[PDB]
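Chains as they are written, first to last, in PDB author numbering: chain i, 1 to 35; chain a, 11 to 344; chain M, 2 to 43; chain m, 2 to 43; chain t, 1 to 30; chain o, 3 to 247; chain B, 2 to 51; chain w, 20 to 71; chain L, 1 to 38.
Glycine included, every Cβ here is placed at the ideal spot set by N, Cα and C.
What follows is a single structure, written as structure tokens, with notes after it.
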Ligand code: CLA
Ligand code: CLA
Ligand code: CLA
Ligand code: CLA
Ligand SMILES: CC(C)=CCC/C(C)=C/CC/C(C)=C/CC/C(C)=C/CC/C(C)=C/CC/C(C)=C/CC/C(C)=C/CC/C(C)=C/CC/C(C)=C/CC1=CC(=O)C(C)=C(C)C1=O
Ligand SMILES: CCCCCCCCCCCCCCCC(=O)OC[C@H](CO[C@@H]1O[C@H](CS(=O)(=O)O)[C@@H](O)[C@H](O)[C@H]1O)OC(=O)CCCCCCCCCCCCCCC
Ligand SMILES: CCCCCCCCCCCCCCCC(=O)OC[C@H](COP(=O)(O)OC[C@@H](O)CO)OC(=O)CCCCCCCCCCCCCCC
Ligand SMILES: CC1=C(/C=C/C(C)=C/C=C/C(C)=C/C=C/C=C(C)/C=C/C=C(C)/C=C/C2=C(C)CCCC2(C)C)C(C)(C)CCC1
Ligand code: OEX
Ligand SMILES: [Fe+2]
């Protein structure tokens, strides 16, 4: 009820931004082949 | 050296107890909220207007239920397809009345299962595995999104969605029979063949390995202790189980290749459940199964009954009785 | 009229502590058969 | 109205067979600690 | 009084799931 | 208002505006004509209260506790028509048509859900004087129908005008001379009509626009599910609005 | 070789497991008071507090 | 007000400052390592193993 | 984890002390049952 609502958009785009900037973090290079 | 690189090194570490990964960044917060709301809504949750007629259906344990009858009730017919979060409900009492937690559980479930699926990909990348276990898990993800997401979309309401329970499942299956005739639809036919075939080739492969085990134990200890973990010797005579099934049916019907054998175990169920979950999907938009009612006639023109006409009279019994107060007009358009 | 929570008091007051004391005896005899090294140690 | 003999069915159907399976594990670990000969055999 | 048994069966089932995941007998080569 | 009529349909929907009665502006007098017929009377309650046994310091006299509505925005009456007949002493109103019932459900402390049909069916209003004034005050009785029409089926499948009439999955109850007469009350479904007393009060009139509006107070009785329980007295308050024509 | 009434004296010369035990008595005391008070709210009836 | 056609469900002005400070608070973490790097260094691979 | 605890001991209960503890529970079950059933 507009105080809870603020709390959800924090928590969503906290973890969504960890997802988005996780695969931008040179993620294909993280393999057991090399580096 | 940086704080982000020391965080990416931890979150993608296979040296954790459970691999978290980048999909776990939105698997774990989603599925723990679908869980922690499910346990509360299954145990302690007030009754829910499902038919939109202000007749609240009890579904939790504190309101006199058990494991079988208790269920998280779907949302109201009054809401229908509208998004109904907590902050758009003006109190939690108004939220729990109108079928609140069904949308909170389901939407955090389908995000967490579609992230559990991508997490099975990710660890296969970091371990050197060939990647496609997550394609086999697409088959229950197709079926979970068919009864919780796609079928409420094409029917236009989450109230037609599947109730999160055990007796609510059979309320879902029978009402789906009367309104859509799923048993005559060839995609439920192609997945009954998927799980009857799947449980066949499971118990047929699991018997021929256990039949042809090599002597490594005594008769006092267990059969299973003849396998030391991580050994490089083959633990069963595969030529023996090939010569058995090569005589049990005939010679040319037997896979001598164990790789092509262990692929056919993954093909048959998964293709059977992809096809089935697109049976619920095409019947979400009212493209029903076959209808052979009044199909056999004599030369006079009188209707001769068939087995489909007996099956029709079972469908007419459920059709005239499902949601016995919600209807006002002669045709169940919804 | 008797109290129906007394069946749960007595029959768990018997079985749960008495099955406990059996376990301390079975693992006692297993340690003695464990050290002894003959036909039962494994 | 529920049957008051069902509490005795369930809570002994849980505890009596589940406390049985615990005992077979405790004496299993006691035999392994019995043969091993160090600090726990006695 | 009746639903108290159902709750104890459910959270008691989730206990042995917890112990099976974290206190598992870790398999070892050699 | 006319300000509401300025908007289109796509601007009103989803905003919760169609639930709310209009706000009349200004105060003057208006006289009902001989053939005067009331046009757009809407009634919307803004607060609800159910008579209960309240926990005071040492006493348990009956008082009204308030309650939170749980059906969302479906409480307002609308489009209520009716001719305004002129008796000599007092101007009267008798409603004829329009949406004059709005079923709703409020929740008490303790978790009890009390549904009630909020209605103004067969209303006979009577108010002092002839012309509508800011001091005008009319009211009268209305008949509440039952919350369920007699062909409603309960969970066992029993209704007043349809359904079974015995416990359908308890077939050994109708054995003996007594039958199932111990649970007789839950088999006989009785359609119930009660009374309600609304008291309206005009306080703001337009005469150049011929639309009035003021504060009411309505009391009635909640439902019983055809004799399943004792119904409870429900008080409510709000604002109304009417077009006098 | 401990008797059954001396089984919990392995924690005498171990401060690190003296805490883990004292935390487990705390997790049972606190879990009691939560699950006792949940049991009491299913039984309580606020109809007449007089 | 549910069925309003508002961007990302942003009903009030206060919810924007939540969104901007969520993407940027992790963006600034990300630029602490992958930002301020050479934007002109290529490869003829399928996959780059350049640096941290 | 850390290393193995040097405070590992073993628990014993001979056949004598089994019958004491069984008879202790059943006689307390005989005694206190009549009061619990009330
Ligand atoms: C991080 C994982 C996660 C995810 C994905 C969700 C997702 C959701 N939650 Mg949930 N929740 C979470 C964690 C999460 N939750 C946690 C940890 C808690 C506990 C505090 C909750 C508690 C909670 C409650 C209590 C409720 C929800 C609700 C919801 C739903 C709507 C919330 C909303 O407005 O989203 C905000 C989303 C956005 C603003 C969109 C972000 C998407 C970005 C912008 C990516 C898009 C990229 C863009 C298109 C690129 C454009 C490029 C341009 C050039 C065009 C949604 C399904 C509600 C619900 O389901 O009710 C039915 C609800 O009531 N959640
Ligand atoms: C259904 C979920 C799903 C899953 C498990 C995967 C899985 C995969 N995708 Mg993929 N993808 C999907 C949907 C999905 N995809 C969709 C729907 C799109 C179109 C928008 C894409 C576009 C896409 C591209 C362009 C790339 C991948 C890549 C990959 C691989 C690595 C993960 C990655 O970085 O992608 C990140 C994850 C996504 C892009 C999808 C996130 C899906 C979330 C977790 C659930 C579904 C939510 C929904 C689609 C988002 C709605 C937001 C809105 C409400 C605001 C992996 C095999 C990469 C790869 O390896 O290619 C070789 C790659 O570069 N995907
Ligand atoms: C001999 C009888 C028979 C058989 C074998 C089947 C077989 C099947 N029917 Mg069918 N049916 C029958 C008779 C039969 N039918 C009759 C008589 C009717 C009319 C009443 C129907 C009506 C009917 C309907 C209406 C539906 C089926 C469906 C299905 C399929 C179910 C598979 C499924 O959903 O798994 C797929 C797996 C899942 C859905 C589970 C997903 C779970 C996710 C991945 C994870 C969950 C994790 C969990 C929460 C926690 C994990 C544990 C935790 C501790 C970690 C299967 C092909 C369903 C279908 O078509 O497929 C959708 C369906 O909706 N049938
Ligand atoms: C602050 C409380 C406290 C603490 C921390 C201890 C701690 C200890 N006591 Mg001690 N003790 C206490 C109170 C306490 N005692 C009291 C109040 C008495 C009087 C009854 C005793 C009498 C006593 C004796 C006679 C002996 C000890 C011994 C011991 C040591 C080992 C305990 C053991 O092996 O039991 C293991 C116990 C069991 C395996 C099962 C016991 C089963 C009980 C009887 C019934 C079940 C308990 C029940 C569920 C508890 C309900 C909660 C209730 C307390 C509110 C340990 C240092 C022993 C010692 O000196 O160490 C060498 C010893 O011989 N204590
Ligand atoms: C002279 C007179 C008197 C005149 C009368 C004329 C007369 C004599 C008539 C009589 C003739 C008569 C009728 C005889 C015909 C005999 C006959 C065939 C009768 C039976 C009737 C009948 C309906 C039979 C058809 C049914 C039949 C047996 C079908 C077979 C089904 C089939 C082909 C299944 C294959 C499935 C399959 C691919 C399995 C492999 C996959 C699987 C996981 C297996 C496991 C497995 C396999 C391995 O391979 C190995 C290696 C290992 C490790 C392993 O895990
Ligand atoms: C009137 C119209 C007539 C029909 C018209 C045709 C329509 C389209 C037909 C589509 C054919 C697709 C061919 C795919 C071949 C392939 O899968 O190879 C995969 C391998 C290759 O074989 C392996 O091949 C290897 C040799 S090599 O790879 O092929 O060179 C060999 O090493 C190995 O031993 C051998 O097993 O085969 C196997 O492992 C066995 C599985 C075979 C699967 C084909 C059956 C069809 C699917 C089952 C039915 C659906 C299941 C769900 C039902 C509910
Ligand atoms: C919530 C969880 C509930 C937890 C409950 C679980 C614990 C319950 C059981 C534990 C107590 C067990 C007692 C074991 C008993 C036990 O094993 O005895 C043996 C024990 C000590 O024996 P030793 O030191 O010889 O032990 C050597 C070791 O090898 C084994 O203990 O004696 C005592 O501790 C004191 C004597 C009590 C013996 C009982 C004497 C009274 C006799 C019975 C009287 C009844 C007949 C009366 C006739 C009128
Ligand atoms: C029936 C009945 C009843 C009830 C009762 C009950 C309810 C009980 C319960 C009880 C309980 C429920 C109890 C519990 C207890 C427990 C315990 C005693 C435990 C212990 C623990 C431990 C042993 C731990 C361990 C560990 C871990 C896990 C990890 C780490 C390490 C350690 C060691 C810490 C009554 C009387 C009312 C009435 C009558 C009848
Ligand atoms: O909501 Mn659940 O079920 Ca699908 O059909 Mn129409 O809607 Mn209602 O009726 Mn029938
Ligand atoms: Fe295999």
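Exercise. For ligand 4, enumerate in chain order all residues having a CB closer than 6 Å to any of its heavy atoms.
Key: Result (chain order): B:5, B:6, B:7, B:8, B:9 and B:10.
Practice problem: Would you kindly work out how many angstroms separate the C-alpha atoms of residue 168 of chain a and residue 92 of chain a, rounded to a whole number? | Solution: 9 Å
Quiz item: Comparing the C-beta of residue 16 of chain o with each C-beta of chain w, is any distance below 9 Å?
Solution: yes
Quiz item: Is the CB-CB distance between residue 87 of chain a and residue 69 of chain a below 9 Å?
Solution: no
Practice problem: Counting only the same chain and skipping the five closest in sequence on each side, list residues whose C-beta sits under 6 Å from that of residue 90 of chain o. | Solution: none
Quiz item: Is the region 205–222 of chain o touching the region 21–32 of chain o in the sense that three or more CB pairs, one from each, lie closer than 8 Å?
Solution: Contact between the region 21–32 of chain o and the region 205–222 of chain o is present: three or more C-beta pairs spanning the two stretches fall below 8 Å.
Quiz item: Any C-beta of chain L sitting closer than 9 Å to the C-beta of residue 40 of chain m?
Solution: For residue 40 of chain m, the answer is yes, since a Cβ of chain L falls inside 9 Å of its Cβ.
Quiz item: Looking at residue 84 of chain o and residue 40 of chain o, is the spacing between their C-beta atoms short of 9 Å?
Solution: For the 9 Å CB-CB criterion, residue 40 of chain o and residue 84 of chain o form a contact.
Quiz item: Three-state secondary structure (DSSP) at residue 18 of chain a?
Solution: helix
Exercise. Could you confirm whether any beta carbon from chain m is found closer than 9 Å to the beta carbon of residue 30 of chain M?
Key: Output row for residue 30 of chain M: interface = yes.
Quiz item: Three-state secondary structure (DSSP) at residue 109 of chain o?
Solution: strand
Exercise. Quick one: residues in its chain with C-beta nearer than 8 Å to the C-beta of residue 231 of chain o, no 5 flanking neighbours on either side, listed in chain order?
Key: none
Quiz prompt | Candidates a:108, a:292 and a:279: closest to residue 195 of chain a by CA position | solution = a:292
Quiz item: For residue 10 of chain M, which residues in chain L fall below 7 Å Cβ to Cβ?
Solution: 36
Quiz item: DSSP on residue 23 of chain o, reduced to helix/strand/coil?
Solution: coil
Exercise. Would you mind sorting residue 165 of chain a into buried or exposed? The rule is 16 or more other CB atoms within 10 Å of its CB.
Key: buried
Quiz item: What do you reckon, are the CB atoms on residue 58 of chain a and residue 107 of chain a nearer than 9 Å?
Solution: Yes, the pair counts as a contact, with Cβ atoms nearer than the cut-off.
Quiz item: What residues from chain t crowd round residue 3 of chain m, counting only those whose CB sits closer than 9 Å?
Solution: 1 and 2
Self-check item: Interface residues of chain w facing residue 28 of chain i [CB-CB closer than 7 Å]
Solution: Neighbours of residue 28 of chain i across chain w, judged by C-beta separation under 7 Å: 66.
Quiz item: Does the count of Cβ pairs from the region 1–10 of chain t and the region 21–29 of chain L closer than 8 Å reach three?
Solution: no
Quiz prompt | Contact set between the region 68–101 of chain a and chain t, restricted to residues whose Cβ is under 7 Å from the partner | solution = 71, 72, 76 and 77
Exercise. Please report how far the alpha carbon of residue 269 of chain a lies from the alpha carbon of residue 257 of chain a, in whole angstroms.
Key: 21 Å
Quiz item: Can you tell me the Cα-Cα spacing of residue 35 of chain o and residue 27 of chain w, whole angstroms?
Solution: 54 Å
Quiz item: Ordered along the chain, which non-local residues of its own chain (more than five positions away) have a Cβ less than 6 Å from that of residue 94 of chain o?
Solution: 87 and 128
Exercise. Return yes when the C-beta of residue 82 of chain a is under 8 Å from any heavy atom of ligand 1, and no when it is not.
Key: no
Self-check item: Same chain, Cβ closer than 8 Å to residue 3 of chain B, neighbours up to 5 away in sequence not counted
Solution: 10 and 11
Quiz item: Any idea which residues DSSP pairs residue 141 of chain o with across the strands?
Solution: o:128 and o:201
Practice problem: Let me know if residue 111 of chain a comes out buried or exposed under the rule of 16 or more other beta-carbons within 10 Å of its beta-carbon. | Solution: buried
Quiz item: Cβ-heavy atom distance between residue 40 of chain m and ligand 3 below 8 Å?
Solution: no
Quiz item: Does the beta carbon of residue 22 of chain t sit closer than 9 Å to a beta carbon anywhere in chain a?
Solution: yes
Quiz item: Could one say the Cβ of residue 138 of chain a lies closer than 9 Å to chain t's Cβ atoms, at least one of them?
Solution: no
Exercise. Alpha carbon to alpha carbon, how far is residue 234 of chain a from residue 266 of chain a? Give it in angstroms, no decimals.
Key: About 25 Å.
Quiz item: Given that a residue counts as buried once 16 or more other Cβ atoms are within 10 Å of its Cβ, and exposed if not, what is residue 33 of chain B?
Solution: exposed
Quiz item: Should residue 26 of chain t go down as buried or exposed, given a rule of 16 or more other Cβ atoms within 10 Å for buried?
Solution: exposed
Practice problem: Could you tell me if the beta carbon of residue 24 of chain B falls within a distance shorter than 8 Å of some heavy atom in ligand 9? | Solution: no
Quiz item: Would you call the region 55–66 of chain o and the region 94–107 of chain o touching, i.e. three or more CB-CB distances under 8 Å?
Solution: Because the criterion of three Cβ pairs below 8 Å is not met, the region 55–66 of chain o and the region 94–107 of chain o do not touch.
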